[PDB]
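S.K.: mind folding the following:
(one chain, ligands or ions: 11)
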Amino acid sequence: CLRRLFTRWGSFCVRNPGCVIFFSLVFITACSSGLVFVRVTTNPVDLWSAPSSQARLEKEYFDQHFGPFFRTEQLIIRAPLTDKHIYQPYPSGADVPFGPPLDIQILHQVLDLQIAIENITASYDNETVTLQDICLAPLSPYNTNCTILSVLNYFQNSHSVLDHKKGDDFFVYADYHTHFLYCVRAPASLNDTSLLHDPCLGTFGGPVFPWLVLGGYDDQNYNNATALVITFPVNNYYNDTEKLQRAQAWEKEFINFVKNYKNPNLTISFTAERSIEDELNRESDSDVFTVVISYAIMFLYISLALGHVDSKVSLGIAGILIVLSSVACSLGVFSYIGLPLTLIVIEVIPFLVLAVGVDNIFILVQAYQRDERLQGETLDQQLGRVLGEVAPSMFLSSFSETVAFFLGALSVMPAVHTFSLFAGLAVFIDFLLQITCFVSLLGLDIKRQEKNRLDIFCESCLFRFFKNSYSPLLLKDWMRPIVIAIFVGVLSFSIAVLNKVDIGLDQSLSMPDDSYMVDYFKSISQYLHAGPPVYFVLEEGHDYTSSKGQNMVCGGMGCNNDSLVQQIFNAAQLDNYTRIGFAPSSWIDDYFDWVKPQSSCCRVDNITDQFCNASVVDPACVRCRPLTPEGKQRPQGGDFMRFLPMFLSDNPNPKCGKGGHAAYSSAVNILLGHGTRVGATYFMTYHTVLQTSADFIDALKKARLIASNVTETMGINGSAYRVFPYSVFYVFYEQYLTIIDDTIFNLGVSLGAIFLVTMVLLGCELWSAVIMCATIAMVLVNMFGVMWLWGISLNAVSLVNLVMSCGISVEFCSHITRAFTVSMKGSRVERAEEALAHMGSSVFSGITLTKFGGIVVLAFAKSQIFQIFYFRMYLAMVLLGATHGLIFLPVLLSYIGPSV
Ligand SMILES: *[C@@H]1O[C@H](CO)[C@@H](O[C@@H]2O[C@H](CO)[C@@H](O)[C@H](O[C@H]3O[C@H](CO)[C@@H](O)[C@H](O)[C@@H]3O)[C@H]2NC(C)=O)[C@H](O)[C@H]1NC(C)=O
Ligand SMILES: *[C@@H]1O[C@H](CO)[C@@H](O[C@@H]2O[C@H](CO)[C@@H](O[C@H]3O[C@H](CO)[C@@H](O)[C@H](O)[C@@H]3O)[C@H](O)[C@H]2NC(C)=O)[C@H](O)[C@H]1NC(C)=O
Ligand SMILES: *[C@@H]1O[C@H](CO)[C@@H](O[C@@H]2O[C@H](CO)[C@@H](O)[C@H](O)[C@H]2NC(C)=O)[C@H](O)[C@H]1NC(C)=O
Ligand SMILES: *[C@@H]1O[C@H](CO)[C@@H](O)[C@H](O)[C@H]1NC(C)=O
Ligand SMILES: *[C@@H]1O[C@H](CO)[C@@H](O)[C@H](O)[C@H]1NC(C)=O
Ligand SMILES: *[C@@H]1O[C@H](CO)[C@@H](O)[C@H](O)[C@H]1NC(C)=O
Ligand SMILES: *[C@@H]1O[C@H](CO)[C@@H](O)[C@H](O)[C@H]1NC(C)=O
Ligand SMILES: *[C@@H]1O[C@H](CO)[C@@H](O)[C@H](O)[C@H]1NC(C)=O
Ligand SMILES: *[C@@H]1O[C@H](CO)[C@@H](O)[C@H](O)[C@H]1NC(C)=O
Ligand SMILES: *[C@@H]1O[C@H](CO)[C@@H](O)[C@H](O)[C@H]1NC(C)=O
Ligand SMILES: *[C@@H]1O[C@H](CO)[C@@H](O)[C@H](O)[C@H]1NC(C)=O
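M.R.: Numbers count the residues shown, from 1 in each chain. Ligands and ions are numbered 1, 2, ... in the order given. See the structure here:
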């Protein structure tokens, strides 16, 4: 039926070509109008996460009480030019060694450097920004000293306490070696036991646990350390753009300072939480020139290879501008609606629309070239008749592609969702502006060609032959079998080695050639002993103010054995398996060890009933919990809620402990209502060393396994609350937990669409379709085989290029399958030969441009992500699809093709 519409409308475009060029122009301008309007290129690195994914819902929950996870700037600083030294104690005998970085004159230099960094000036909003402004001080009143994780916080960042020495000039009863050896074993104390005194706390960045500052030490003896780790945590509050940016500026001066810092006594590594999203943007420039010159070669070929100085140069340029017009239109309307225009979309979309649109251009133009007008036939009748001969094919392919991509936007991997929207529309708009504006400006170049005026100013060429000779050899029953054998061999190969495909991005690979983050990843895998931290979160609803409520969560001292912190501790004994690193560091156990009557920590005034200090003189401040036998037991009743806010207001006092303001302040949520209640909580620990792309995934899986294992044991009946873990990266690496099923779903959905449209549209009869769909399945399976053979991973980028791949293979298989299915020659081999000579000779010119671009793409692409993912998968899709469409599909139709 469509033949009437495409014929009559083609005649229309030939008669009156003004209304269609002008109509289409109004369309284009109307969409590009929205282009520059929005053009919001998303870039926060949660674009790899789904807004409904359990990981991002968990993040949106953890942002309720601690808000965001802090930015982290780190330094692995090591001493290369200083040998070890030996500490011999005095009365007791137990010699200890001290590694290179633990020399004292070095620790002085580390202190001068850390003080220099501790105050760096930066300009934001035409103002001035200091570290103290933006780093988190766990006590906004009291001392606003900033958290700073170094071994030097054992010595309170002062050279006096470092050079402390107790003993006469000759012997040394207890120097800094003894203080260090004491703190690394109990870093939550305010009073050393060796000297008269000192404190193992610091400039109050909390109790400096020894694993976050030491590196390269063997096992438990930290003294054998070989590198110092220094961690500055800075606030993040993603919920704001004002101050996050000034933080980014402070880091921007920071990095330049550390890089331009000479100290031959030390070799340094470091990291700002923007360094990745910075050097990555740096690498996203090395290829741009190569991409543009690639498009110059494709454009140039398109201009040249058209027709037999009457070259259709202006026609090729025009069709190009129509394709670019289609891209700008799609990005336009979708921007208008509000679609974050990601970068991968900028790499894929113009390549796609350029390839397919160019193919349509060649089908049409070449179709007219091989046609010769009849006796008294007219231009309207001729170009209209050809437009009918071809149009339902271009509409078939482009339509199945559009519904395929659009239907592809159904998953939640956002990189493929945004893509499938943009492309799913851009293909359609390309077909509109292509069958309307392009053909109507094709009649113009026709009349110019027949009135002898030059194209730019004012038979059958070759590949018709080349395919009239290629088409017979390929399917003389002498050779048919051989071809089927080759393709079944390759397909069997890929079927075999598709399982051993690598899941996940190799973060060390994604960095520029000689960036600094590479040395940072290596120096992490070498020395470091702790990984990212995890916040085992207990949601609202737990009793807490009860025996069985505490024992379900409390740790040790009669607190079950399946309790939460007992679960994380037992899970930490096997660190290199259950990737849970170290001790859990609970609040409720410290609270219990704080209200304790034997402590003089908690005291309330006898007469104002207000909480007395731990350091105050207490004339009348009596103890919170009496020294009865029952009073020494944990606060079971509402007294729990009575004293808990005082603990979370209490501060480090040398007559008491670290108090709750230290770290459990921003950890315990006190819900106010019907008295009081305890909301959500967390138990901060640290993952083991995570380096491999499989490491992170294993850590997330096992951590959530601990979450569920605890949740069943908390005797809970229903989704009233769970115990999920949060970390920096669970958001980024939860997407790999379902990549298998999401890939299968998406490719099966695109295949279901293409098969449906090819079934119903291309008349009927399945076999016409099922042959095509099956051939596409071959294209994808062999594509996976290339991934394995060429070392290509299976992340969101490669997946996007797979969806696109199944997209463009339709441009090969579809026009051939149509040209075959609607034909009446004396043999099936005849129809396959013709369908391979007419359409095939044109599809092969919707190829050699993308191949002649795949050439130059490699020749200077520096980004190894580009060389590995985009170039290699592009090459595999073009050669693989082309061979599977112009070599295999004819032979297959020559035996199973339908008969008419
Ligand atoms: C890692 O740490 C352990 C312990 O801190 C180191 O073992 C110690 O090695 C040195 C010897 O070079 C000494 O500090 C100490 O041994 C002394 O005492 C005995 C007394 O009989 C004598 O036999 C010793 O070898 C030496 O005189 C060791 N201490 C212990 C507890 O074993 C170990 O060498 C360190 N390794 C590295 C690579 O630094
Ligand atoms: C899991 O944790 C450790 C992390 O890899 C792993 O390594 C052990 O600890 C250190 C390296 O961190 C090394 O142990 C060293 O101890 C002796 C002293 O007897 C030293 O002379 C040598 O350095 C020795 O290699 C080892 O590399 C290794 N082994 C031991 C015994 O400590 C642990 O092995 C892992 N443990 C478990 C239970 O999984
Ligand atoms: C953070 O606070 C502690 C105490 O609240 C500071 O320790 C004091 O340091 C200054 C020296 O510059 C003097 O007030 C005293 O020598 C210290 N007092 C005590 C009680 O130790 C610490 O210096 C502060 N942080 C920084 C970076 O100065
Ligand atoms: C550190 O370097 C300075 C100057 O290069 C030098 O004077 C000092 O001795 C070095 N430190 C040590 C422990 O040698
Ligand atoms: C930065 O502040 C530190 C103390 O916080 C001080 O020692 C240092 O001199 C300051 N830097 C400058 C350039 O004034
Ligand atoms: C920043 O603001 C001050 C006062 O508003 C002004 O004097 C100064 O010139 C500004 N900075 C620059 C670089 O102009
Ligand atoms: C540490 O404890 C000892 C023993 O009671 C005491 O003499 C000393 O003053 C304490 N240190 C501080 C800083 O109070
Ligand atoms: C807790 O104790 C029971 C027996 O009392 C034991 O079967 C169980 O395994 C223990 N918990 C763990 C985590 O092993
Ligand atoms: C309570 O203790 C804090 C910290 O130990 C101290 O700064 C404050 O002065 C004390 N309260 C009073 C009223 O002195
Ligand atoms: C507390 O007050 C009571 C009366 O309210 C008095 O009998 C008692 O001696 C006081 N004790 C202290 C330690 O102040
Ligand atoms: C985890 O759950 C299993 C049964 O689902 C239970 O037997 C076990 O005690 C729980 N705790 C562990 C394994 O620590």
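
S.K.: can you list the residues of the stretch 451-600 of the chain near ligand 2?
M.R.: Contact residues, the stretch 451-600 of the chain versus ligand 2 (C-beta under 6 Å from any ligand atom): 575, 576. For the C-beta atoms, the positions are set from N, CA and C on the backbone; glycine is no exception.

S.K.: from the stretch 451-600 of the chain, which residue is nearest to ligand 5?
M.R.: residue 516 (24.6 Å; C-beta to the nearest ligand atom).

S.K.: mind giving me the domain ranges of this structure?
M.R.: Structurally, the chain divides into domains by automatic domain parsing as follows: 2-48+286-503+736-896, 70-282, 527-731.

S.K.: looking at those, spot the one closest to ligand 4.
M.R.: Of those, nearest to ligand 4 by C-beta to the nearest ligand atom is domain 70-282, at 3.7 Å.

S.K.: where's the closest residue to residue 236 other than its chain neighbours relative to ligand 11, distance?
M.R.: Leaving aside its sequence neighbours, residue 236 sits nearest to residue 68 (C-beta to C-beta, 6 or more residues apart in numbering; 3.9 Å). The spacing between residue 68 and ligand 11, counted by C-beta to the nearest ligand atom, to the nearest Å, is 31 Å.

S.K.: run a quick neighbour tally on residue 68.
M.R.: Residue 68: 15 surrounding residues under other C-beta atoms under 10 Å.

S.K.: quick check, it in contact with residue 234.
M.R.: No - here residue 68 does not reach residue 234: they are 10.7 Å apart, not a contact under C-beta atoms under 8 Å.

S.K.: at the contact with ligand 10, which residues of the stretch 601-750 of the chain appear?
M.R.: Within reach of ligand 10 by C-beta under 6 Å from any ligand atom, the stretch 601-750 of the chain has these residues: 606, 620, 622.

S.K.: now, which of these lie within strands?
M.R.: Counted as lying in strands by DSSP state E, out of those, are residue 622.

S.K.: about what we covered before: how much space is there between the residue of the stretch 451-600 of the chain closest to ligand 5 and ligand 10?
M.R.: Counting by C-beta to the nearest ligand atom - residue 516 and ligand 10 are separated by 61 Å.

S.K.: does that residue touch residue 270 like I think?
M.R.: Yes - at 7.4 Å, residue 516 counts as touching residue 270 under the criterion of C-beta under 8 Å.

S.K.: buried set for the longest helix belonging to the chain?
M.R.: Among the segments of the chain that qualify as a helix by DSSP state H, the longest is helix 379-408. Within helix 379-408, the residues that qualify as buried are 380-408, counting by 16 or more other C-beta atoms under 10 Å.

S.K.: what is it packed up against?
M.R.: helix 2-15, helix 343-370, helix 414-433, helix 442-450, helix 739-761, helix 796-821 (3 or more C-beta pairs under 8 Å, 6 or more residues apart in numbering; DSSP states H and E).

S.K.: now do it against helix 442-450, angle only.
M.R.: Interaxial angle of helix 379-408 relative to helix 442-450 (axes from the mean of the first three to the mean of the last three C-alpha atoms, to 10 degrees): 140 degrees.

S.K.: among residue 516 and residue 270, which residue is more densely surrounded?
M.R.: Counted by other C-beta under 10 Å, residue 516 and residue 270 do not tie: residue 270 has more neighbours, with 23 against 17.
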